[PDB]
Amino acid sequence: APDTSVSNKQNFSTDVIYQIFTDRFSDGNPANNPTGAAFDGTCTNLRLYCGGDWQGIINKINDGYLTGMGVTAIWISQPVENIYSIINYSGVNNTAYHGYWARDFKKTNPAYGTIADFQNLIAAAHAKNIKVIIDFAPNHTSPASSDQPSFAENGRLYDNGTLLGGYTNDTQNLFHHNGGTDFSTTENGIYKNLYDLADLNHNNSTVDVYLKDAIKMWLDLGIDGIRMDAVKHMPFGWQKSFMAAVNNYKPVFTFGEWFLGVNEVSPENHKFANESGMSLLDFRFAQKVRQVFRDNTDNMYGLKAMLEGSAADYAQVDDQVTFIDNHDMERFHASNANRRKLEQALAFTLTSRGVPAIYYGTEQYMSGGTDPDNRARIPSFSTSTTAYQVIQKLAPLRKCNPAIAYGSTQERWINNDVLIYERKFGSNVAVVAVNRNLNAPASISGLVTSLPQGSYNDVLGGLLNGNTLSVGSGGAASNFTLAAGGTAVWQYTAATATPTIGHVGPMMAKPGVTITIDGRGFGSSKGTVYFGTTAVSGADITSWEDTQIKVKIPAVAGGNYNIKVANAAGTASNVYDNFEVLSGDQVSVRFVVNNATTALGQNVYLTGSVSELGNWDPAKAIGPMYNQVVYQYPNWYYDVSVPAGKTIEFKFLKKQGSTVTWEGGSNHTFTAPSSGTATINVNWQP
């Protein structure tokens, strides 16, 4: 199947995701609606259930609403069984309408539907070429109070109906009992509860195994991706061992939520997207887009800088999920604002690098503040708004113009208010012009592009006041005026003759798993795939077409590899880097080192004999280790994904900048569990 097929669960770059709060979309089955105090059919009270469900979604897929818009993926609320209690929070009643308060990860939330409703949803969507993504929130269960076990459901956790345990009398230690976070440090927001949510202890084997099993069921149900909640609040090593369980079983595209504030740029965020096995919601992009197009607190120069920086900070920039708003921000559209701002931010997002996501109702110009105000019910299913038409014209280009799905981004003209950028991939080009100045036109002279000589009509047809472009030889465009609030998209598509890889997925897996290599120019005859210097050809290449190749990872040593392909004639493609071959299946193990005293600005790291521990390379050592919460300095700890059942030799080190101090003595040693978790406690050797 081609790269753009609904069947590609490994690549969402050619899709347009539509984000839905199931409860607030469409109630197609009134019979599963909660009753009494939990329910408000008028949806005036935004904290109760309004009744939207899977049937409703199914209906909107079949009556042409989503498909007419060009949407090709839907992202829905966590589908698992939620607590049934109404929670009064100081006078205000709250329900689990959001799906974020899990009680059993093996069953469905009956307000959304039954397992059968779930399967029908997957079927309908699939039939209309729409992929299905689900929220998955394994960080916690529900609101709990340790000494008031009668509060809510005491954070109770069931395994398909069977009680595993609760927050009060947690002898099994299913949960963390370290207090609540102040979001002060990263370590602090990981090992303590968020608010009053009962925090799962992933270092407990039962929880570990339970969650890895629960996700397999959903995979088995046909899901196409997973959106992980609170990824900055769970151990990084555990999360990696979870991605491995997914990828070594049934790989799907996974992206998590790691919130970034205005002007916030975090190296821990980049390292996580670069190394964990999953990608992230692009908050850096969204916050910037809002400053520029909404709040006017930055200009084009700041947008451009975000585009260049990000392309450099993220190893796979094309996998970061972009948006202009979501359930955690006030709606982009402010009641009294010019609609053009939203139209422009949308056009920008759709033609930009990454995987775009549209929060439901955006195309209807919904306004609203923070939670729960940004979660009202979609007021209408009209296809006549300008925003709806913007999406409708632009979304499809991601499927038909690879420059949009996979190209580089390049600024070709800029000032405070105007940005002209070009996307390029193979013999494919897209040039987009944006003038945020809603009051003044701009004189554009000196624009140089890669488009071939000719005239080009605005892809939006003048919808946002775009114009035609005339490019002469050299790619130089002739002078033109870019209207106030103007937005124009111009493009050129052609066959790519040489193999060009545009995307690889999953990005991490053990030998033997099949990965998907997407791009153009691969030809229709099997060629060769190189993992590093190792050549793979023949039968292990399970499928080969011009835009997509499926091949099993060879049994090479764990480590990081570059991928390159060569057509049947031997022409090789560009190198796609950062592909991680696992040493085997993974388990999450906690390493604890006692009495490793350090100087300021000096931290302890861990290294060892397997690629998962960096193979003795201090530049690739794991850390810095933690030393506040679970163990206190001069004791350090850390949860690490390691190959299961392997005997591993390791050592700790102290780094300062790139200056390294090794532990003395001989290597510590240990044998990883075959499943479940473990804790290895040792003392630092001088």
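Note that residue numbering follows the sequence shown and begins at 1.
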query: Greater mean Cα temperature factor according to the PDB record, 267-275 or 165-173; finding: 165-173
query: Stretch with the higher entry mean CA B-factor, where the candidates are 32-40 and 632-640; finding: 32-40
query: Member of 326, 524, 491, 239 with the greatest C-alpha B factor (per the PDB record); finding: 524
query: Deposited CA B-factor, highest of 318, 343, 153, 282; finding: 153
query: Residue 100, C-alpha B-factor rank within chain (lowest, middle or highest third); finding: highest
query: Chain-relative CA temperature factor third for residue 195; finding: highest
query: Chain-relative CA temperature factor third for residue 5; finding: lowest
query: Entry-reported Cα temperature factor of residue 74, expressed as the chain third it lands in; finding: lowest
query: Lowest, middle or highest third - CA B-factor, residue 128; finding: highest
